[PDB]
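Each of the two blocks below gives one form of the same protein chain as C-alpha cells; they are labelled structure 1 and structure 2.
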Structure 1
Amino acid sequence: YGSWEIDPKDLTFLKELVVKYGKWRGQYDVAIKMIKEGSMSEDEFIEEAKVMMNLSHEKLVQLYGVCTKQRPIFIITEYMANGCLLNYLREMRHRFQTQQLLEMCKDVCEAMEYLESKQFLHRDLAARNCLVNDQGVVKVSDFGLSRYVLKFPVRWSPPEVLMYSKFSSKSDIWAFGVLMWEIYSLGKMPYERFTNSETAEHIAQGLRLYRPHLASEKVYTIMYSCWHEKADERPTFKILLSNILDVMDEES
C-alpha cells in the first residue's frame, strides 16, 4: 500500500449515510464513499488523490485515503455526523440565529481561502457539497471531484462560465456568493421560480439574486460583491474573509 492507500480490511461498516459511516482499525470514525463502476475516471482520480492527501485545513473535509485494489473503489474521509449543509439549513427546528449563519459562511470562506492559496479550484461549490460535523462546524467537501465524473450547476455559475466555459478562481467566488445566499435563505433553491435555462438568461441580462430576509445590508453587500459581471472586479477569498470578520465584529 502506498501512503494514499487504505486497506479495506481495516474498515468496519456501521451504517448507511453510496456513502457509509464506519471505523478504521476499530477506533477512528470515517465516512466511506463507494464509487459506482463506470461513474468515475478512476486512474485520473487516483493520481489526484495523492495531491488531495496533502491538502489539510480545519474547514476542509480531510481525505484519509482510497481503496483501489478492488471494485468498487472506496474514498475514505472525515466523518461529518450532521450531514449535508443543504439539508441542515432546511430543518426549521434549529431556529438559527444570524450569527450562526454568518459563522457557517466564515467556515466555508476559510476553507476556500486555503484552497485559493494552493491554486486549487473547487469547481462545484454549493450548500449540497458542504457538510456539518457534530459540533456544528461546516466544512467544504468534494473539492475538485467534478473533474473525474464521466445536472450542470447553472444556478451557481457566473456569466463567463455559462457563455464561454471560462472557469477560474472568480467562478468559485461567484459560487461562494450563491452559497451565502443559500445559507441566509435557509436552503431555498437559488432562482426558485426559474428553470436553469431561464436562470442563465436572467444572469446574462445582468440580473441577480436579491437579498434574503435574514441578511443585513452589510451581509448582502458581501454576497452581492461576488456577482460582479466582470470577473476581475470580484473579491478574493482573503478579502471576503476580512469582510465577514468585520461584520461579525459590527453585528456582535
Structure 2
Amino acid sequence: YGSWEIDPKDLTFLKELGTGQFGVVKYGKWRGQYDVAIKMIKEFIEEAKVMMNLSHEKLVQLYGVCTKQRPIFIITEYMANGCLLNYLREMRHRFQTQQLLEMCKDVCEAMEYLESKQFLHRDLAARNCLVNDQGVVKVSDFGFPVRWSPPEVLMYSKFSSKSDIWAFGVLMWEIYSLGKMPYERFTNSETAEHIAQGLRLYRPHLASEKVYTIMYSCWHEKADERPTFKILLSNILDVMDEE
C-alpha cells in the first residue's frame, strides 16, 4: 500500500492501552517523533481502506499500516484522553457548557464532511469518538445500537444520511448528560416501543433550551424533516455566538 506501508522498526511501544474492544492497542512513537496508537489485529480487508480515502481534522487520522509482516498493524494519531464516553463520566473535568457545545461542534464538523462524501457512519455514539490532549473530539471507528437508532431503522432497516442525524442528536444528549446511557431506565425492547410511539430523550439539565432544540430537531419522526449536518453545524455555531 504505497506510502501507507510503515517500516515496523520505525515503531516503539511505550505503554499498553486495551484488549476489550480491539485486539491489543498500544501507545508508541513513530520515527522517534510522533505519538501514535498502534492496533495489532489477528486471525482488516476494509478498515484501513476506508481510512485511506477520508481525511478531516475531526476524523481520527490513519498514519499507515504494516501489511508485509506477522500480525497486521494499523497506526493512527494518538488520542491522549481516550474514548469520549469515559472522558465525559470523569467528574474531575468539571466541564463548562461552552466546552460541551464545542465537543458537539467537533463531531458535527466530522459528520458534515462525511455527509459531503456521501459516506454513512452507521454507529455514531460517544463510545466511538476519541479525545486528544487539547480536548478536541474526533470521530472514530468509522472503518445493534438500538438507543442510537431512528424508528425507520428499528422497524425497517432503512439506513440513510438521516439515520446518522438521529444518532448525532442522541450523541449530543450523551454529551450534555455527561455520559449517561440514553433511556437509562428502559430495556432495548422498551426503548424501541417507546420511540415508535413518539417519546424522545428529555432535555439534559446542562442543555439550554436553544441547545435542546438542536438535538431535538434530529429526532423528527419523518426522516426527511430532520436537518442535514450542514444545517446542524450552522445552528450550533449560531448558539456559540449567542452563548
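What we label the rigid core is the largest C-alpha set whose atoms superpose within 1.5 Å from one form to the other. Counting starts at 1 with the first residue of structure 1 and goes up one by one along its sequence.
Participant: Where does the C-alpha shift reach 2 Å or more between structures 1 and 2 among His94, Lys118, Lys166, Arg71, given a fit on the rigid core?
Facilitator: Single residue meeting the criterion: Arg71.
Participant: Answer yes if the Cα of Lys50 shifts by 2 angstroms or more between structures 1 and 2 on a rigid-core superposition, and no otherwise.
Facilitator: For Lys50, whose C-alpha is compared between structures 1 and 2 after core superposition, the shift is 2 Å or more.
Participant: Does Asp246 count as moved between structures 1 and 2, where moved means a C-alpha shift of 2 angstroms or more after fitting the rigid core?
Facilitator: No.
Participant: Keeping the rigid core fixed, work out how far the Cα of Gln135 travels between structures 1 and 2, to one decimal in Å.
Facilitator: In the core superposition between structures 1 and 2, the C-alpha of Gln135 moves 0.4 Å.
Participant: Where the core is superposed, what shift in Å does the CA of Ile32 undergo between structures 1 and 2?
Facilitator: With the cores aligned, its C-alpha sits 1.2 Å away.
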